[PDB]
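Form deposited in one PDB entry, single chain, as structure tokens, below.
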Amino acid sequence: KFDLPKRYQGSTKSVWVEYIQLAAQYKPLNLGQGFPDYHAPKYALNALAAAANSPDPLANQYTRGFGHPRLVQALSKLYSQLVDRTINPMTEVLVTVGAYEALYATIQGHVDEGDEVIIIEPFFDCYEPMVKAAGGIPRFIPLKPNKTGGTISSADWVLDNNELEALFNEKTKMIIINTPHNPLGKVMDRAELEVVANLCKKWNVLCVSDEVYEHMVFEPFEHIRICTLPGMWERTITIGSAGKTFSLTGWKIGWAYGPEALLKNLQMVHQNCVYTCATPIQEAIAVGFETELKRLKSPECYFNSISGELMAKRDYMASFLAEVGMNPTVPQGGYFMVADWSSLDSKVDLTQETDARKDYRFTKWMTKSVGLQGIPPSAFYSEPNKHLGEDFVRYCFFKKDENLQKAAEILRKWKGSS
């Protein structure tokens, strides 16, 4: 009967290990998770096969700990252009096992016992347990909509700037931002970025920018990197993911980039966690970046076409969710959509003596009864703020159109025509 006082409390199973099992069990239409239902860019897949089949015996053995040279070079080339600076491929970038381990290396490497970390709700669920495991003290601020009538935009979900500055103090070590945002799809504009950038500069805090969905912003919006703001490069760490950039979530390769001084900490954590990442996968991703770097402005460039591909799907889902009676939040980016479901909202019917956040029971009930899987957004809120996400649900619309129609059908049937 021992105890692991390393701040490894609760979190018995993450929402994913939980819901990934329900999907393996009731095998419904999987609108939960977060990945495409169809094949990723062929050039990327071909490149992995090419690495497996390479005549070079080094292609499937250990590569550099901090990242495959070909990949790191490619990464530098891309982000140097986007950041308007020459990022050193050897010291200002680190390759990791997805954006997950990038987040882990960052939080473990820059938050010590007592350090306060500000997290914006709803948040990608791993932020809080990561900070906790590091001995940090999370402080939460929720995003909230601007009066919801029916269909709104993720731009309508805003935090209270006065509440934000109040959380900043001499103990504040880090703030984590996620743009484009999961699960709302919100794209922070310049003013919103400046608000957190000013606070970071006044209080000397580290900004961690989770930008895995960087290429998935819908017109007329635009992704802005906070590390490009006036004095932010010196105090920002930016994270990306190959699984999101190339729609190959199964490859689990991500990266962090920023000043050599901040990145050193990440390197020490990484080195003593997994040491190195898969070589053939890193090579294939390097080839993929090299492929896109040649056509960065072309409409065939995957960094430019994914949003046009997704936009139609986004609009489709917003329409059938609204038609069924939900109040969807149309995302400015990404492939997630949060919607306010209705059935006990203002039509107090069924009860729940169980008392355990509605969005969890609704979402579960659905995949087990009607065979449509969504995920409960309360899973992305601190314990005392969970209630904020109980009337919602998150759905992924990165699916083949036949499957999107399928969802619309099961929802229309679940309801009634007339």
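The term rigid core refers to the maximal set of C-alpha atoms that superpose within 1.5 Å between the two forms. The first residue of the shown sequence is 1; numbering continues from there.
Although not depicted, the form deposited in another entry is the subject of the following passage.
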After superposing on the rigid core, which residue among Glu323, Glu194, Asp345, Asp112 shows a C-alpha displacement of 2 Å or more between this form and the one not shown?
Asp345
Per-residue C-alpha change between this form and the one not shown, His387, threshold 2 Å, rigid core fit
no
For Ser307, does the CA position differ by 2 Å or more between this form and the one not shown when the superposition is done on the rigid core?
no
Core-aligned C-alpha movement of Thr354 between this form and the one not shown, 2 Å or more
yes
Which is it in that other deposited form for the CA atoms of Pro376 and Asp349, closer or farther than here, knowing they shift by 3 Å or more?
closer
Quick one: in that other deposited form, is the Cα gap between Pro376 and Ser346 smaller or bigger than here? Answer closer or farther; it shifts by 3 Å or more.
closer
